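[1] pasting the structure only:
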Ligand SMILES: [Ca+2]
Ligand SMILES: [Ca+2]
């Protein structure tokens, strides 16, 4: 007696939470400790991490 | 007479020594020859009137 509207459903959800990367900074204080940078000087400074 | 003290980084230094009142001492001296007895026996400088 009923004319069914033939439509059933399925569903799902997608969760995009974080950003791809975290650029953790540990800044450099390049004259350093137990060192010295003078005017006109020339050299190299290294920070591994 | 002139002690040059460097900091822990400086390695190469070029000094220009200049005699400014030489034109006044020309009225007092007839010949005056200054030899800057350098670091460890070398004589790297010679000034005159
Ligand atoms: Ca993040
Ligand atoms: Ca240097």
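    Nice, I can see it. Numbering: from 1, shown residues only, chains lettered A, B, ... in the order given. Ligands and ions are numbered 1, 2, ... in the order given.
[2] for chain A, see how far away residue B:18 is.
    19 Å (C-beta to the nearest C-beta, to the nearest Å). (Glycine included, C-beta is placed from N, CA and C.)
[3] neighbours of residue B:25, just the number please.
    11 (other C-beta atoms under 10 Å in any protein chain shown).
[4] whoops, residue B:35 was the one
    Around residue B:35 there are 11 residues (other C-beta under 10 Å).
[5] quick check: residues of chain B near ligand 2?
    residue B:9 (C-beta under 5 Å from the ion).
[6] actually, chain A.
    A:41, A:42, A:43.
[7] can you lay out those as JSON lines showing neighbour count and secondary structure?
    Below are the residues of chain A next to ligand 2 laid out as JSON lines (neighbours: other C-beta atoms under 10 Å in any protein chain shown; DSSP: H, G, I helix; E, B strand; the rest coil):
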{"residue": "A:41", "neighbour count": "12", "secondary structure": "coil"}
{"residue": "A:42", "neighbour count": "9", "secondary structure": "coil"}
{"residue": "A:43", "neighbour count": "11", "secondary structure": "coil"}
